[PDB]
């Protein structure tokens, strides 16, 4: 859906900005510094679930640029496994949110954050 590679870069950077906001805004809740409203979090994690599937289609062939390392393309199977592990951890976070349990939410939240960082460590320029 991108006329030029710059358009895919702009897309993925916007998707990740959104995804970072919907993930990160829950930090005060999982730390206990903001109240835990199970319905509020369930609804936010549903938004996060939709957003977290979006970046990966915007790393198609020929869309080198931004802070993406070229290894995303030359090691595509390994990149796909990092994105699928991440997505699997988002499924786990959805489960916790749907269960309404702050203990499970905080554990699932930490797993997701670990998966974000692991991908960045391998595939994001510094």
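Numbering follows the first chain given and starts at 1.
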{"property": "Selected stretch [higher average CA B-factor]: 48 to 56 or 77 to 85", "result": "77 to 85"}
{"property": "Greater mean Cα temperature factor according to the PDB record, 35 to 43 or 97 to 105", "result": "97 to 105"}
{"property": "CA B-factor placement of residue 16, once the chain's modelled residues are sorted into thirds", "result": "highest"}
{"property": "Residue 4 - which third its CA temperature factor falls in, relative to the rest of the chain", "result": "highest"}
{"property": "Relative C-alpha B-factor of residue 124, binned into the chain's lowest, middle or highest third", "result": "middle"}
